[PDB]
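# Descriptive analysis of the structure
Below are the chains, spelled out letter by letter.
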Amino acid sequence: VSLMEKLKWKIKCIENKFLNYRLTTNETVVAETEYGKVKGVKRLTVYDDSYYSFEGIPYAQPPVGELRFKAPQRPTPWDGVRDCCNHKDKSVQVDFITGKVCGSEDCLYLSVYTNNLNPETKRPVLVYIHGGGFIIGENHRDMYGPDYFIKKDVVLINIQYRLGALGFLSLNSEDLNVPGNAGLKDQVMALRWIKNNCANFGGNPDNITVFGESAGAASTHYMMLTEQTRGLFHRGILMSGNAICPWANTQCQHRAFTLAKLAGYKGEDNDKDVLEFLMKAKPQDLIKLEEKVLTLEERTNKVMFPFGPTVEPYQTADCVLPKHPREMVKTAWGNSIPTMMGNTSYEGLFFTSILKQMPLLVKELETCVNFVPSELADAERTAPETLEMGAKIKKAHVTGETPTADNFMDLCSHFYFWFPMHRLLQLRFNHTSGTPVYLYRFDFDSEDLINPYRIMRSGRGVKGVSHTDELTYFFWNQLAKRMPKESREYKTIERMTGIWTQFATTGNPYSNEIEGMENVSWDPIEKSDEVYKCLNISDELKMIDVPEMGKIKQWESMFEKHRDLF
């Protein structure tokens, strides 16, 4: 990231701190938790609303020392009153703005917000799981501020969880108790905490909605798939992602050693000696080097992250993913709760920054063999059947004689988001009680209000609705500002938070009390539907056939001779 966005962000960091002190009140309050009393504080929003804020509530023991790479344990209860008027630190990660490593291993906390601690009726509980490829992200209010949602009478909760190698190291040897998915196991225990404690904050423990964007959507889906969380929540929202996206899992059991070797390990490739070295390494050294773990072949085959959710090699007590995601969908308890999914109208536009550095990537579309689903393609991507499958993808996105950056970015929308969603819907239909799934398409474009991800995708002055553009209308961030109440950006906040809280409440996203929706007939997707219908959200809300559907069926045809793998 540029030296200009570094000083610019430094300033907004200094501003956000003064604004956060300014927006604090003296009204402290105490709430009960099953671990002991927590003290929160009332805060202000630039729209002159206010909310009770409980930050830094531990839901697990700090996963430090011997607990590193291990499943989380329950935290130790305290006597007295725990201070929850400040944020705790984020998970150890690379700061996308500076490039420095920030965060702490002591990171397993959650935050609770609401405009009213003593509502006259129990409220819908919304749990947000942040994205960031399982390697970055946080529940700090400078990125995910509860300011828009607390205009509604809900209880909003933002959790953290272990990221990168510290979250998703995986070792084959069953003796060392490092099966993998530690960071997902953090999410589970946070869900259990929210289940047993939300009542103390005015929340309805029988009406809990989990949602997340990108990696947080994949996370949410995992929470819907695993046996560990059965019955914990009641609605799910998958925003630009799910667990069968090709970036949402990886078999990384062999990458532990590589990481050790980058961090200066001397010895042999056996899990034990590898683990002992990783266990005493400085946390920020492991995280800083993660960028270098993937081989050139892996990057070629579009492996996006070295460490992430994995099929655990053996089953232990807190196992989360005992089989591949496609297999878990076949029995998943979460298939039978109300579900909303969606994407933006130009998902792949996110990859502008990457293309700016590697223009050679555009030539991948001459045969498109690199984007053939990996389970179908051959190792070298050179088999005649792979070139054939490649050609189908090519027909779907290469508009001219030569592929462009736009063709590339359009393909990415499908490779990374639309096609996995399709496969998931079809797989789910063959294994579900018949609970509704609704689709949305986020199609509202604005430069007048933005979020920090736009700095990272280099989305400054770039038309179209990229991956993460929707976050801006759900959460306050330190680049946001007060918008006139009649502005299109403000209406979109009202609509988005309106629809999400309505879904959370009833399991049905439609409400005539949301402006723009008076003509809307939002029907869920049925197994007999050849064509998906979605609520397209722009300056006007309109039900339409998914415009991506033709290209979606184009990708599905790659599985013509391999229907069992679809």
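Residues numbered from 1 in each chain as written, not as in the entry; some residues may be left out. Heavy atoms only, no water.

## Re the overall build of the chain
Within the chain, the secondary structure is distributed over 15 helices and 15 strands. Radius of gyration (C-alpha) of the chain: 23 Å, near the 24 Å computed for a compact globule of 566 residues. Overall, the chain is about 70 × 65 × 50 Å in size when its C-alpha atoms are taken along their principal axes. A buried classification covers 60% of the 566 residues belonging to the chain. (Helix = DSSP H or I, 4+ residues; strand = E, 2+ residues; numbered from the N terminus. Rg over C-alpha atoms; globule rule 2.2 N^0.38 Å. Buried < 20%, exposed > 50% of the residue type's maximum accessible area, 1.4 Å probe, protein only.)

## Quick look at the environment of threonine 250
Position of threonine 250 relative to the elements: it lies in the loop between β11 (235–239) and α5 (255–262). When its relative accessible area of 11% is taken as the criterion, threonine 250 is described as buried. Sequence separation between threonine 250 and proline 306 is 56 residues, and the spatial gap between their C-alpha atoms is 7.7 Å. Side-chain polar atoms of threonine 250 contact the side chain of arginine 255, separated by 2.9 Å. (Polar contact = N/O pair within 3.5 Å; in protein donor to acceptor, adjacent residues only side chain to side chain.)

## What to know about the pairing of strand β14 (residues 533–537)
Counting buried positions along β14 gives 4 out of 5 residues, so the element sits mostly inside the fold. Alignment of strand β13 (residues 437–442) against β14, held across 3 bridges, turns out to be parallel. Counterpart to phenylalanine 442 in the pairing with β14 is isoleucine 537. (Pairing = 2+ DSSP bridges.)

## Considerations on the UniProt feature "domain: Carboxylesterase type B" (unreviewed entry) in the chain
Per the UniProt entry, the sites bearing "domain: Carboxylesterase type B" (unreviewed entry) are residues 30–543 in this numbering. Annotated as residues 30–543, this span is 25% helix and 16% strand, and its ends, taken at the C-alpha atoms, are 45 Å apart. (UniProt positions renumbered as here; feature names shortened; annotations may be inferred.)

## Side note on the packing of helix α12 (residues 405–429) against helix α15 (residues 549–556)
Across the interface, α12 lies against α15 with an axial gap of 10 Å and an inter-helix angle of 75°. One way to sum up the angle between α12 and α15 is to call them roughly perpendicular. Counting all contacts with α12, which are made through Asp410, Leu411, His414, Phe415, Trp418, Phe419 and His422, the residues of α15 involved are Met549, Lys551, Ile552, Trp555 and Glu556. Of the residues contributing to the contact of α12 with α15, the split by class is 7 nonpolar, 2 polar and 3 charged. (Axes fitted to C-alpha atoms, helices over the stretch in contact; angles between N-to-C directions. Parallel < 35°, antiparallel > 145°, perpendicular 65-115°, else oblique. Contact = heavy atoms within 4.5 Å. Nonpolar A, V, L, I, M, F, W, Y, C, P; charged D, E, K, R; others polar.)

## Structural notes on the side chain of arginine 441
Mapping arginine 441 onto the fold places it in strand β13. Engagement of the side chain of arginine 441 in a polar contact is seen with the side chain of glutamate 548, the distance being 2.7 Å. In this structure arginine 441 touches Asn343, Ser345, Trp418, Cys534, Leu535, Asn536, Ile537, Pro547 and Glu548, once residues within four positions along its chain are discounted.

## Notes on the pattern of salt bridges
Summed over the entire model, instances satisfying the criterion amount to 32 salt bridges. Linking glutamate 298 and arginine 255 is a salt bridge whose minimum nitrogen-to-oxygen distance equals 2.9 Å. On the criterion of sequence distance, the pair formed by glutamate 298 in helix α8 (residues 296–300) and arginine 255 in helix α5 is long-range, its members being 43 residues apart. Among the residues examined, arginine 255 registers a relative accessible area of 8% and is labelled buried. (Salt bridge = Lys/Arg side-chain N within 4 Å of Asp/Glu carboxyl O.)

## Here's the deal with the environment of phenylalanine 408
Considering the arrangement of structural elements, one finds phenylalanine 408 in helix α12. Between the alpha carbons of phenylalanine 408 and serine 50 there is a distance of 44 Å; along the sequence they are 358 residues apart. The contact partners of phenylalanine 408, leaving out residues within four places of it in the chain, are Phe351, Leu355, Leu361, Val362, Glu364, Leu365 and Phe371.

## Considering the side chain of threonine 229
Its location among the elements puts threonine 229 in the loop between α4 (215–225) and β11. Under the relative-accessibility criterion, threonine 229 is labelled buried at 0%. Only 2.4 Å separates the side chain of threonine 229 from the backbone oxygen of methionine 223, close enough to count as a polar contact. At a separation of 3.3 Å, a polar atom in the side chain of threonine 229 contacts the main-chain carbonyl oxygen of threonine 226. Not counting chain neighbours up to four residues away, the residues in contact with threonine 229 comprise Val188, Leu191, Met223 and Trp333.

## A look at helix α14 (residues 488–506)
Since the α-helix advances by 3.6 residues per turn, residues separated by three or four positions end up pointing in the same direction. The end-to-end C-alpha separation of α14 is 27 Å, in line with the 27 Å expected for 19 residues at 1.5 Å each. Directly beyond the C-terminal end of α14, a positive phi value near 80° is found at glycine 507. (Expected span 1.5 Å × (residues − 1).)

## Details of the pairing of strand β3 (residues 50–58)
Of all 9 residues in β3, 8 are buried; the element is thus mostly enclosed. In this structure, strand β2 (residues 37–44) lies alongside β3, joined through 4 bridges in antiparallel fashion. From the neighbouring strand, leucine 44 faces β3, where its bridge partner is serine 50. Count of turn residues in the β2/β3 antiparallel hairpin: 5 residues, of which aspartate 48 carries a positive phi of about 60°. Pairing analysis gives 5 bridges linking β3 to strand β7 (residues 109–114), with the strands arranged antiparallel.

## Structural notes on the nonpolar core
Within the largest apolar cluster, 127 residues are counted, with the highest numbers of intra-cluster contacts made by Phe54, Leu110, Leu169, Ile194, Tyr222, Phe233 and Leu278. In contact with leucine 278, other than residues within four places in its own chain, are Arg68, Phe69, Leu169, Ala256, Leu259, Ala260 and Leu286. One finds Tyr438, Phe442, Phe503 and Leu541 within the second-largest nonpolar core, a separate group that totals 45 residues. (Core = buried A, V, L, I, M, F, W, Y, C linked by side-chain atoms within 4.5 Å.)

## Quick notes on unusual backbone geometry
In the Ramachandran plot, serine 240 falls in the positive-phi region, its phi being about 50° despite a non-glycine side chain. Along the chain, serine 240 falls in the loop between β11 and α5. Overall, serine 240 belongs to the buried group, its relative accessible area being 0%. With a phi close to 65°, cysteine 368 is a non-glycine residue in the positive phi region. Considering the arrangement of structural elements, one finds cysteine 368 in the loop between α10 (352–357) and α11 (384–397). When its relative accessible area of 0% is taken as the criterion, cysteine 368 is described as buried.

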